[PDB]
Each structure stands twice: as structure tokens, then as C-alpha cells.
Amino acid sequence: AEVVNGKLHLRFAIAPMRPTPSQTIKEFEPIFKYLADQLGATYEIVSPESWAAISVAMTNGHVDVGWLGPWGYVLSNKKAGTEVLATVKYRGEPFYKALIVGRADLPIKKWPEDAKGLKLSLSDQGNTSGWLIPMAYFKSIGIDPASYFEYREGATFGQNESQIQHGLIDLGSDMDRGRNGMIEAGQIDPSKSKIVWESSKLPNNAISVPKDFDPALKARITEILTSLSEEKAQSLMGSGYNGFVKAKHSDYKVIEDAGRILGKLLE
């Protein structure tokens, strides 16, 4: 937070919501422009190439207000004391759930023991809902997925869902917003799969600021974002994103617990 031409000037950053920084900034700059306008501030906006990159940018002091992912926030909080102000709503909900999905014909009476030795497909390690959360779940009950299952990492959620539906793999990670989107789009037949495990609620994101960011501004940013009507918030953001709720660190407990058990919060 600095002064330029006699005015507050803010550095904003948006996670990679869309396949390119250009497309992300096109669709999400409006909520940031709105925020800066409501403060009478000028601004800069960047969109790093990865969810990890925006966490690093915030940690390394390059960002006044960041749209971080939940794990990016928790890590940045641990490393630099980054504070969360709010969480974005998608179709009115500020949270999602990580899933493990299975072929509909899998005989699973006891989870996960009945699935021992089956194929499991998790995502690339940088994906919170596809890897961090389910891997932390297995570790939390004494399971090493690489030894317990016929295990693969690196699949996309679309690969997992299509391969499950076609009977080629057994279990795969997904997240509920994504699975629903694929059903709505007619891209998968949900009768051929079932949810065998769901996480607790995970916050969609974290609107974040540095440690010791001016308390007056924190409050004002929170008020400006949480005051938005569904229609006004949606007019300023990509499809589905339609409000903000006030947030606090404890909302991220499931995320923090997962990073904790995988040794990702050790100094």
C-alpha cells in the first residue's frame, strides 16, 4: 500500500481462474476495479500462471489484495502472516467439497477397506481438491495410497470421470462443483458412477491481505465486498461467482489439517 499522484495505490492479484492470464484478467478485473473505485484508489492487477505462484507473490510482499486459493492462503498465513478477509460465493455457496468417485458397480460396504487393491487415480500434486485433500484423508487413517491401491497421480478430473464411466479405472478424485458442471453439460452419465467419499466443506478461495494491513482498509474492503447483491457481484465476476461472505482463518481448518499431516507446514 503506497501513495501515487497523492492517492492510495493498490497491487491486486487474481489466481488462474481461466486458462490464460489475459482471459482471467478480462473476466475478474471488474470486481477489483470496483473495489479500487469504491476506495478512490488506483491499482495494478496481475494474474500469476499457477495457484502456487499467487501464494508465493502474496508471501513475498508483492500483493495488497489477493484472490488466493484456500491452500495458498493457509500456506501464506503460515509463511508470512497473511490474513483472510472474505470468501467468494459460487451459486450462493462459499464452499465446495472434494470427492472420491467410484464405478457405480463397485461393491463397497465398508469404505475404504472394501476398496483395498482397486485402482485409484488422484490429480497432480498441486491440486487441493484432487490431491492434497484426499491424500491427507488417507494418511489420516494410516493408509499409503501407493501401497494400498493400484495408484496413479496426474489425471484431470475429466479424465477420472470419463474413465470411471467407461469402466476403465475404479476410483478417482473430483470435486463436487466440477462433477455437477459435467453432469449439467451432459458430459458424463452420473448413473454410471457414485460418490464413495466426500470431504468436509472447503472455502472456495481467500480474499487475502498482508500481515498488519491497515485495519480501517481491511474493514472497508470486507464491507464493500460482502455488501454486494447477488446481481451486482455477478455483474463484476465470471459466471457463478455471485457474492462474498466474511471469512476467518478457522474456516480453513480442513485445508490446514491436510497441509499439516502431509508435512507441508513444517519449517
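From 1 onward, residues are counted along the sequence shown.
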(request) May I ask you to compare 93-101 and 114-122 by their mean CA B factor in the entry and name the higher one? (result) 114-122
(message) When the Cα temperature factors in the entry are averaged, is it 102-110 or 125-133 that ends up higher?
(response) 102-110
(request) Quick one: which of 189, 170, 161, 176 shows the highest Cα temperature factor in the PDB entry? (result) 189
(request) Specify which of 147, 193, 77, 140 carries the largest Cα B factor in the deposited PDB entry. (result) 147
(request) Would you check the entry's CA temperature factor for residue 28 and let me know if it's in the chain's lowest, middle or highest third? (result) highest
(message) Where does the C-alpha B-factor of residue 217 rank in its chain, lowest, middle or highest third?
(response) highest
(request) Name the third of the chain's ranked CA B-factors that contains residue 42, choosing lowest, middle or highest. (result) middle
(message) Using only modelled residues of the chain, where does the Cα B factor of residue 265 rank: lowest third, middle third or highest third?
(response) lowest
(request) Using the B-factor values recorded in the entry, state whether the Cα atom of residue 200 falls in the lowest, middle or highest third among the modelled residues of its chain. (result) lowest
